[PDB]
Amino acid sequence: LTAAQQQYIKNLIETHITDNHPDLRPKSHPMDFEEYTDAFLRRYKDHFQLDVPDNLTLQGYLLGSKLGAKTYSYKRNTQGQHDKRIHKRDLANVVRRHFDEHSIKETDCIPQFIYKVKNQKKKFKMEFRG
Amino acid sequence: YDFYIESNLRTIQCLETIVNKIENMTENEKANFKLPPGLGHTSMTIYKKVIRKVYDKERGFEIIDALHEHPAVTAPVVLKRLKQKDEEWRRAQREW
Amino acid sequence: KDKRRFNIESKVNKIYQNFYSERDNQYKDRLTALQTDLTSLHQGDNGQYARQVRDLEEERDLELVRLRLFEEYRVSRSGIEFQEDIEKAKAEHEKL
Amino acid sequence: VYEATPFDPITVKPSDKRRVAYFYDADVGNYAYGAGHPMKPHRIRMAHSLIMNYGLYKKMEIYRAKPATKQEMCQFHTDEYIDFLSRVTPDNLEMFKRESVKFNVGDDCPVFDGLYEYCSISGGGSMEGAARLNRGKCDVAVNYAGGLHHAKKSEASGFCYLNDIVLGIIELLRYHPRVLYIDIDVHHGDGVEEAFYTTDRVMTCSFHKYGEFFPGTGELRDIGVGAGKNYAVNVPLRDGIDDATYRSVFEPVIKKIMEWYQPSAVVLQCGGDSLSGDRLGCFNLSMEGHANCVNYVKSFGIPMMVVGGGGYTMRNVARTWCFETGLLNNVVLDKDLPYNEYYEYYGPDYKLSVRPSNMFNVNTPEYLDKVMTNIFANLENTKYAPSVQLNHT
Amino acid sequence: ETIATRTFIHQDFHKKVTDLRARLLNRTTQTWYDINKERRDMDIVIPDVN
Ligand SMILES: [K+]
Ligand SMILES: [K+]
Ligand SMILES: [Zn+2]
């Protein structure tokens, strides 16, 4: 009731109370690879045969605390092993770098796209790298 | 009474795991922490209604925002209020 | 600019043609992939059945961390109540 | 075709044992319709407590089932209805004033925080119970968060917003020819009957109170249209019916249905507004009288899917659900409740009992004889043709 | 109560794991038979008329 808090509260409710249209759901940038389901990341890393470990999902990353440090997951992911998973940000940065450096020129990117789209329902078709 | 109290007692559980984890991490991980909607567990509705019950039906929005963007600053501070109202409300309940 | 349309149709037809020509050695590859997936699912080392078991484990253990922290809080609650009630009994008995 | 008898001690038979899969989700109790509404999900939680503290969890397997998806909801409901459910909150209701008017929303079925999540939990539990029953894992599958049997394909009706039993039976029908549904609420099971009215693969059987009541449907002459004629059984009853009466009406109807319809998957709604002391129902059933139904439907030996329903006095639903769940495990419990976090709500003597009153029974041997004869007559056009080899159901 | 929910946590894990494995087996053997059929369908020289 002081001509500042009024519009403050007004903006708050005008920004948090809407009709939840699916047309307003906040969508992430295409270049930020951390917002990619962590199975896209693993399939990318596994397809281009990169050299990274797998990531810690979110349950394995909050599982790290003095109390959480006694669970089988911590003691299987933090001792001396080779399967030692990592934080999603690291794998996502490796993937992003191999994305911005390895490059492509069309004349083979498009016809492959068309052959892919026109055969979605087919089980027996050209695997474009496998 | 049971509804408000046992709904407080679940946000307590979630924020407790998150604070236990925040106390075991560095400073760059403190400036590089973010939580998705749902705060890492199954439900996406209960903690928000708790937060606007305890704080304000209108200014709990900013707390939930800073809870999603800055979990390292914002949610050892919120957990110490839920624990206060838990004891207040349980006092009143076992009185009546 | 129909030359571009001719190029693209030629390339896509080329892909169809290559696949149909090699269609017999591009079919034992599929079946070896499948037989090795089968024999590796039967053991447990499958690169995809060993990557999701670990998430089902990473999510089982956050459960037990939440369980233990919650039991700690429960015991703290019971202790607070017991302490308050003993203090009240003694103090007001003496006042009486 | 009805002789009244005394009510015999409920007792588990040792020749058959089950593999109970119990479905529970620690979130469900956390939702509330509003200030004074008679619907309280908290009671499901309360029942869980007794199950834990009686030592009953040690002979069954307790699972959280994943919530049901929008496109699993639209197997029975429309897109506009489900989209409304997903988008409406107690805060933006002013921008849905048409849809709220149009989907029967606002006084008997309000919108609370967590409506869509509560519905997801109910539907998920029901469909996962059905799926696990199809895979030959369990014999009985219990889901007390589901049984919202009053919901319409395009409308909210009577404290219910999503018909999870329809989804459950749709999943049960993928592998079964013929499914029976029993509804022992005090209201008529009208959503399920309206949904499966013109078919012969689901037989609905309601035992309700017909009068100046809710919903207003389910007469003795409402028996199905089309190819579904004679595949909808109604038993209308009057106030005051008690354990002996109810048992003598309930057993022969169900036994004749089992002999004729030969179904081989039963769904059982175990609503609790049909108990003495309830705040909306008007029967005079005990806890043993309400549980002998479960015991009888179980004594046959075909896949059962038990669900919740009504019950508006929390204490009594909690106690009768815990007792029924003990009976499904071949266990008659003890009457003294163990200490649990709800060691209130159980005044005044803290026992495993539901007590009947002395109110008067308005149902007499001629009304019931007439009703049951009409039913036994309607219920002989529902057999299987003589050349149709079965799988011993 | 904490003992009981400990048991519940471990039972739910066991359920989800065994579902995982049966589902992956079924998916691979599905893809195999679909490959077989789409292979033989490329062997027809004269189709049916209707
Ligand atoms: K009924
Ligand atoms: K029917
Ligand atoms: Zn009812």
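Letters go in sequence order (proteins before strands), and every chain restarts at 1. These values consider heavy atoms only, across backbone and side chains, with no hydrogens, waters or symmetry-generated copies.
Relative ring orientation between D/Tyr33 and D/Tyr118 is described as perpendicular, the plane-to-plane angle rising above 60° on a 0-90° scale split at 30° and 60°. The aromatic rings of D/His208 and D/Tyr210 sit perpendicular, their planes meeting at an angle over 60°, well past the 30° parallel limit. Between D/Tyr342 and D/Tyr345, the angle of the ring planes goes over 60°, which puts this pair in the perpendicular group of the 30/60° scheme.
At a cut-off of 3.5 Å, with distance as the only test, a side-chain donor of D/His188 or D/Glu193 sits close to an acceptor on the other residue. Side-chain atoms of D/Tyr181 and D/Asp183 include a donor-acceptor pair closer than 3.5 Å. Side-chain N/O atoms of D/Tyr197 and D/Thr204 include no donor and acceptor closer than 3.5 Å.
At least one cation-pi condition fails for D/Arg279 and D/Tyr312: the charged atom is not both under 6.0 angstrom from the six-membered ring centre and inside a 45 degree cone around its axis. For the pair E/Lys15 and D/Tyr63, the cation sits on the ring face: its NZ or CZ lies under 6.0 Å from the ring centre, inside 45° of the axis. Remark: B/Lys53 is positioned above the aromatic ring of B/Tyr4, its terminal NZ or CZ atom under 6.0 angstrom from the ring centre and at most 45 degrees off the axis.
Among residues at least two apart or in separate chains, ring-ring contact (aromatic ring centres under 6.0 Å, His included) pairs with a member in residues 11-30 of chain A are A/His16-B/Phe61.
In the displayed structure, B/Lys48 atom NZ is contacted under 6.0 Å by at most 12 heavy atoms of other residues, nucleotides or ligands. Atom CZ of B/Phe3 is surrounded by more than 12 heavy atoms from other residues, nucleotides or ligands within 6.0 Å. For D/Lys153, the NZ atom is loosely surrounded, since the number of other residues' heavy atoms within 6.0 Å does not exceed 12. Remark: B/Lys57 NZ is packed, more than 12 non-hydrogen atoms of other residues, nucleotides or ligands lying under 6.0 Å away.
The salt bridge (charged side-chain N to carboxylate O under 4.0 Å, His left out) search around D/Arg64 returns D/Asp25, not counting sequence neighbours. For D/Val317, the side chain to side chain contact (heavy atoms under 4.5 Å, CB included) partners at least two apart in sequence or on another chain are D/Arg43, D/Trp321.
Remark: the backbone N or O of D/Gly218 is not paired with any side-chain donor or acceptor of D/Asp190 at under 3.5 angstrom. Listed for the D/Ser157 side chain is a donor-acceptor partner under 3.5 Å among the backbone atoms of D/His150. The backbone N or O of D/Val166 sits less than 3.5 Å from a side-chain atom of D/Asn163, completing a donor-acceptor pair. Judged by distance alone, with hydrogens and angles left aside, the side-chain atoms of D/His37 form a donor-acceptor pair with the main-chain N or O of D/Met39 at under 3.5 Å.
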Step-by-step side chain to side chain donor-acceptor pair (under 3.5 Å) determination, B/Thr45 to D/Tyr116
CA-CA 10 Å; B/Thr45 6; D/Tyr116 189 47; over 6 Å; no

